[PDB]
Number of protein chains: 2
Amino acid sequence: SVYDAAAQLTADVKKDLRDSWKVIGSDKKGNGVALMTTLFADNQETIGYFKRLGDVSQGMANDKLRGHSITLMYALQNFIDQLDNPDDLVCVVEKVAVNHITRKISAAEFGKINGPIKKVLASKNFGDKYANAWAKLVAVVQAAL
Amino acid sequence: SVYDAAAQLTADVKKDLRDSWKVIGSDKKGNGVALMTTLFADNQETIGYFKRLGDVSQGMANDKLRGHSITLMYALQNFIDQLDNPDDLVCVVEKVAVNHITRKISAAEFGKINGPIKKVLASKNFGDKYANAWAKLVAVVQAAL
Ligand code: HEM
Ligand code: HEM
């Protein structure tokens with residue numbers, strides 16, 4: 001299942017992920033927090049999963065939130081670095097999914113991160129072409145949930 | 001406290017962490033697994049915490065262990081990248097600590113990673129000078145458990 005979703009990561013899709021990531025991933029703190037704040041803004045309900053973070057409206061100034069956002073970017077950094085070896089990409093995606101399964105986060109719920117990503121990509125001038133590429137990466141994780 | 005431990009990361013200590021990581025962090029999969037396998041060999045008692053990984057003796061062949069080992073290396077990557085800003089290094093360390101606290105991993109238990117790190121370092125021509133620099137870093141996390 002996860003392997004089949006990985007099959008969707010074609011040569012062109014991978015090229016767009018590595019290219020857009022060369023920019024998005026150059027500022028993990030900034031872009032990471034931008035992602036989380038956009039998620040909470042567009043889907044206020046997802047906040048119910050982050051009670052441990054406290055006052056998330058403080059954004060960047062919130063140490064717990066900032067700490068979480070930076071760590072999230074390194075998960076994506078991990079996935080991007082494993083794009084050329086489906087075997088490693090899968091074992092890594094399944095590792096990440098473990099804790100989200102325990103948190104009772106469905107695939108549909110996880111998919112809500114697509115909007116935030118699309119917006120963050122556009123702030124850097126990356127059109128739908130890149131947005132679709134990333135939706136395919138998120139789909140690999142969703143296949144594991 | 002974690003804040004006083006982070007202050008222990010002096011100029012030369014940070015330089016030694018960067019120089020050694022430049023080599024170690026080159027092969028995250030290889031060194032990551034060597035690290036986990038050495039831990040299980042020198043401290044069989046810690047194996048009980050990794051029941052989910054299955055037969056840990058399979059090493060590289062065990063997909064779960066490989067997924068875990070790689071991800072671990074990205075956590076170290078994260079720490080290294082935050083050495084410039086103590087504030088960010090702290091929120092990132094406390095973040096990682098959370099799940100370990102939930103697993104009831106004590107500071108003393110966590111410190112057992114120092115042995116494996118020293119060995120991997122030596123296998124790459126990095127002696128006591130660097131092993132101690134990493135022990136300092138590890139202590140930062142120990143101060144948050
Ligand atoms: C691009 C997608 C995402 C990535 C790469 C990602 C990555 C991570 C990582 C690496 C962690 C830290 C390790 C762990 O505890 O599992 C984490 C924590 C967490 N994630 Fe995800 N995540 C993503 C999306 C989401 C979404 C959409 C939700 C829920 C709406 C979610 C909820 C959580 C929660 C509740 C935590 C714990 C936060 C805390 O209390 O510190 N994640 N995630
Ligand atoms: C360099 C030292 C270490 C670092 C940076 C580190 C980092 C991590 C990371 C990033 C994860 C994945 C995310 C999560 O589930 O929280 C993890 C999982 C875990 N860590 Fe640590 N860890 C280290 C040492 C240890 C030690 C010494 C133990 C045990 C004595 C330990 C026990 C665990 C366990 C049981 C898991 C869950 C594995 C699973 O079920 O997949 N860790 N660690």
Side-chain angles (χ1 to χ4, degrees), chain A residues 26-37 40 47 49-75 77-78 99, chain B residues 1-22 24-25 35 39 46 49 71-118 121 126 128-145:
Chain A
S26 72
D27 181 25
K28 296 184 174 60
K29 182 165 64 174
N31 293 315
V33 171
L35 268 179
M36 294 306 294
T37 65
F40 298 148
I47 295 180
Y49 292 104
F50 301 94
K51 182 180 65 182
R52 188 191 78 68
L53 300 187
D55 194 359
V56 299
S57 61
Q58 285 176 165
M60 182 71 84
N62 183 150
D63 298 329
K64 296 190 185 307
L65 176 57
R66 190 170 69 266
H68 166 72
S69 304
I70 298 171
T71 302
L72 178 157
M73 297 301 272
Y74 279 99
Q77 175 68 61
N78 188 338
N99 287 324
Chain B
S1 68
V2 65
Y3 308 86
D4 296 309
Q8 299 307 301
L9 296 183
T10 63
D12 286 299
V13 170
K14 301 198 297 183
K15 178 63 177 173
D16 290 338
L17 287 172
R18 291 186 200 281
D19 292 327
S20 60
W21 178 251
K22 188 175 185 298
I24 298 301
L35 203 62
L39 173 69
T46 62
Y49 294 119
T71 310
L72 179 151
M73 293 300 270
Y74 276 105
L76 296 184
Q77 178 70 59
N78 185 344
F79 294 171
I80 297 297
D81 291 334
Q82 311 319 313
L83 293 177
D84 292 310
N85 191 313
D87 295 327
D88 291 317
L89 172 62
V90 174
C91 68
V92 159
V93 168
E94 283 186 56
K95 168 67 179 183
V96 173
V98 182
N99 285 324
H100 291 80
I101 298 175
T102 301
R103 300 177 180 120
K104 305 197 78 303
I105 306 296
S106 72
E109 201 85 66
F110 197 82
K112 296 182 177 182
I113 197 68
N114 281 155
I117 291 186
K118 176 175 291 182
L121 250 9
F126 286 105
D128 285 44
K129 176 186 176 182
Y130 298 95
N132 291 158
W134 280 86
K136 285 255 191 158
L137 178 56
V138 175
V140 182
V141 181
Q142 288 181 296
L145 298 177

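Just so it is clear, the values below take in all heavy atoms, side chains as well, and ignore hydrogens, waters and symmetry mates. Residue numbers start from 1 in every chain, and the chains themselves are labelled A, B, ... in the order their sequence lines are given, proteins ahead of strands.
- Residues B/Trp21 and B/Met73 come closest through the heavy atom pair CH2-O, 3.3 Å.
- A 6.0 Å sphere centred on CG of B/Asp12 holds no more than 12 heavy atoms belonging to other residues, nucleotides or ligands.
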What side-chain donor-acceptor pairs closer than 3.5 Å can you find for residues 129-142 of chain B, not counting sequence neighbours?
{"unit_1": "B/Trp134", "atom_1": "NE1", "unit_2": "B/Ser20", "atom_2": "OG", "d": "2.9"}
{"unit_1": "B/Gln142", "atom_1": "NE2", "unit_2": "B/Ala107", "atom_2": "O", "d": "2.8"}

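- Neither side chain, B/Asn99 nor B/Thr102, offers a donor N or O lying under 3.5 Å from an acceptor on the other.
- Between the side chains of B/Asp81 and B/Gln77, at least one donor N or O lies within less than 3.5 Å of an accepting N or O.
- Residues B/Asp84 and B/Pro86 approach most closely at O-CD, 3.5 Å, considering heavy atoms.
- With a 4.5 Å cut-off on side-chain heavy atoms, B/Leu145 and B/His100 count as touching.
- Of the possible polar contacts, one joining the B/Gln82 side chain to the B/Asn78 backbone as a donor-acceptor pair under 3.5 Å is found.
- Here CG of B/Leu39 is found 8.5 Å from NZ of B/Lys112. Values are rounded to the nearest 0.5 Å.
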Under 3.5 Å, which donor-acceptor pairs link side chains of residues 88-98 of chain B to any protein atom two or more places apart or in another chain?
{"unit_1": "B/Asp88", "atom_1": "OD1", "unit_2": "A/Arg66", "atom_2": "NE", "d": "2.6"}
{"unit_1": "B/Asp88", "atom_1": "OD2", "unit_2": "A/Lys29", "atom_2": "NZ", "d": "2.7"}
{"unit_1": "B/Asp88", "atom_1": "OD2", "unit_2": "B/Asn85", "atom_2": "ND2", "d": "3.4"}
{"unit_1": "B/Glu94", "atom_1": "OE2", "unit_2": "B/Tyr3", "atom_2": "OH", "d": "3.4"}
{"unit_1": "B/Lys95", "atom_1": "NZ", "unit_2": "A/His68", "atom_2": "ND1", "d": "3.0"}

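- A 4.5 Å side-chain heavy-atom check between B/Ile24 and B/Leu121 finds at least one atom pair inside the cut-off.
- Atom CG of A/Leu35 is separated from atom CZ of A/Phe40 by 11.0 Å, given to the nearest 0.5 angstrom.
- In this structure, A/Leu72 CG and A/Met36 CE are separated by 6.5 Å, a value rounded to the nearest 0.5 Å.
- In the displayed structure, A/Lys64 atom NZ is contacted under 6.0 Å by at most 12 heavy atoms of other residues, nucleotides or ligands.
- Using a 4.5 Å heavy-atom threshold, the side chains of A/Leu65 and A/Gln58 count as separate.
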